[PDB]
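Form deposited in one PDB entry, single chain, as structure tokens, below.
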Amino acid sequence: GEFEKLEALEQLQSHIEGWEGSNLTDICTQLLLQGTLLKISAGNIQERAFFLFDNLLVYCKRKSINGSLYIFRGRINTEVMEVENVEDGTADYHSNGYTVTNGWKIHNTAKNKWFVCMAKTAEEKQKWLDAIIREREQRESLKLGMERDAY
């Protein structure tokens, strides 16, 4: 049930070193998807481990008894995250001029920051976009349900 999932969140966070900000068990309840993606940001191309929870996207560097597997790099409140598809073959400054396949863009609107994600396969891209949609839908459903109760 919910409580077992919270203990799992605390354990998951314990594998991320250099965590910044509020803890997962205070703001999240579930993991929709985790996976490795290529991230291109501010001219830099870097592979990152991404984790999409309800309300939060986290990305980490993979670490090269010690429980650390990931090094915290960033987090985005999904309420201030936008996503844009990128068509295969696009090559522009967002990808440093490299050709994008299986990619998309993420907008951190709280930082006015954009970056590109690329997956290795089309099916993996589709899993990510589907998970992003599902996280947003679940969050909106819960919010609108509460607002409709209050209104």
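We number the residues from 1 along the sequence you see. Throughout, rigid core stands for the largest set of C-alpha atoms superposing within 1.5 Å between the two forms.
*Asks:* I want to check something about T99: across the other compared entries that model its neighbours, is it left unbuilt in at least a third?
*Replies:* Result for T99: never missing in the compared entries.
*Asks:* At least a third of the other compared entries: do they leave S64 without coordinates?
*Replies:* Yes, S64 lacks coordinates in at least a third of the other compared entries.
*Asks:* Answer with none, 1 to 3, 4 to 9, or 10 or more: how many deposited residues between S64 and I65 are not present in the coordinates.
*Replies:* Missing in between: 10 or more residues.
*Asks:* On average, which has the higher Cα B-factor in the deposited entry, 119 to 127 or 95 to 103?
*Replies:* Looking at the record's C-alpha B-factors, the answer is 95 to 103.
*Asks:* If you take the mean CA temperature factor per stretch, which one wins between 23 to 31 and 42 to 50?
*Replies:* The stretch with the larger mean CA B-factor is 42 to 50.
*Asks:* By the CA temperature factor listed in this entry, which of these ranks top: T109, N55, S68, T36?
*Replies:* So the option with the highest C-alpha B-factor is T109.
*Asks:* Per the entry's values, where does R139 land by CA temperature factor relative to the rest of its chain, in the lowest, middle or highest third?
*Replies:* For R139, whose C-alpha B-factor we compare with every modelled residue in the chain, the answer is the middle third.
*Asks:* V83: which third of its chain by C-alpha temperature factor?
*Replies:* For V83, the deposited C-alpha B-factor lands in the middle third.
The next section is about a form of this same protein that is not shown, the form deposited in another entry.
*Asks:* For the set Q126, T36, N85, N44, which residue undergoes a C-alpha shift of 2 Å or more between this form and the one not shown, given alignment on the rigid core?
*Replies:* Between the two forms, the residue that moves is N44.
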